[PDB]
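Peer 1: Here's a structure for you.
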Amino acid sequence: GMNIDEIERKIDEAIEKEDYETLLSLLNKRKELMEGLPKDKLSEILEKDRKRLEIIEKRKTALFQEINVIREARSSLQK
Amino acid sequence: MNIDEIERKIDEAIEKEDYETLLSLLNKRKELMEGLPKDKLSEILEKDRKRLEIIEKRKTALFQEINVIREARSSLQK
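If you're matching them up, the sequences are chains B and A in order.
In terms of PDB author numbering, the first sequence has 27 at position 28, counting the first letter as 1, and numbering is strictly consecutive.
In terms of PDB author numbering, the second sequence has 51 at position 51, counting the first letter as 1, and numbering is strictly consecutive.
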């Protein structure tokens, strides 16, 4: 099966691609490995996950922004 | 810009998913609507119904992308 280093690499690749469905699948496979890691490896992954969360939150807020521009455009197109 | 150029650019902005330009264009178009012939106005209104269907589908896709992100966020917060 896929090792922790490969999974982590692919997780970052998926985030860069903005492929959130594949990100989910990867996190679900990673879930199995988290308890067996050495303490320092787990710590580093958890810190990186914090940075990964920021990246996807940035995108989330940007998607809401785009939806609000669409709502404004609708005001002229509707009726 | 004349009406036919504004209309063309509206459809180009929708295809490019450039909603700020779309909004900009629609604001520019408002000035011209009152002076149009009846048939031209009828054509534009029917086109707007179809344009709105396109952006509404886009809005649905954005909310679905937001939902995927929420799942990923939950998974990263475990």
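We put the CB at the ideal spot given by N, CA and C, even for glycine.
Please list the partners that residue 42 of chain A has in chain B, where partner means a Cβ-to-Cβ separation under 7 Å.
Peer 2: Going along chain B, no residue has its Cβ under 7 Å from residue 42 of chain A, so there is no contact; the nearest lies around 14 Å.
Peer 1: Where does residue 33 of chain B fall in DSSP's three states?
Peer 2: Helix, per DSSP.
Peer 1: Between the region 52-64 of chain A and chain B, which residues of the former have CB atoms less than 8 Å from a CB of the latter, in chain order?
Peer 2: Listed by position, the residues of the region 52-64 of chain A near chain B (Cβ gap below 8 Å) are 52, 55, 56, 58, 59, 62, 63.
Peer 1: Any chance the region 12-24 of chain A sits against the region 35-44 of chain A, with 3 or more Cβ pairs inside 8 Å?
Peer 2: Touching, no, given that fewer than three Cβ pairs across the two stretches are closer than 8 Å.
Peer 1: Out of A:10, A:66, A:56, point me to the one whose CA is closest to residue 70 of chain B's CA.
Peer 2: When each option's Cα is compared against that of residue 70 of chain B, the closest is A:56.
Peer 1: Give the range of the alpha helix (DSSP H) segment to which residue 4 of chain A is assigned.
Peer 2: Note, residue 4 of chain A: alpha helix (DSSP H), 3-16.
Peer 1: Applying a beta-carbon distance threshold of less than 7 Å, which residues of chain B neighbour residue 73 of chain A?
Peer 2: The answer, in chain order, is 52, 55.
Peer 1: Is residue 32 of chain B close to chain A? Criterion is C-beta to C-beta, closer than 7 Å.
Peer 2: No, its Cβ sits nowhere closer than 7 Å to a Cβ of chain A.
Peer 1: According to DSSP, is residue 111 of chain B helix, strand or coil?
Peer 2: The requested residue 111 of chain B does not occur in the structure, where chain B is confined to residues 0 to 78.
Peer 1: I'd like the list of long-range same chain contacts for residue 1 of chain A, defined as Cβ closer than 7 Å, with 5 residues on each side in sequence excluded.
Peer 2: Counting only Cβ-Cβ distances below 7 Å, and skipping sequence neighbours, we find 28.
Peer 1: Looking at chain B, is there any beta carbon in it that lies within less than 7 Å of the beta carbon of residue 25 of chain A?
Peer 2: Judged by the 7 Å Cβ criterion, residue 25 of chain A is not in contact with chain B.
Peer 1: Does residue 48 of chain B come within less than 7 Å of chain A when only Cβ atoms are used?
Peer 2: Yes - at least one Cβ of chain A is within 7 Å of the one on residue 48 of chain B.
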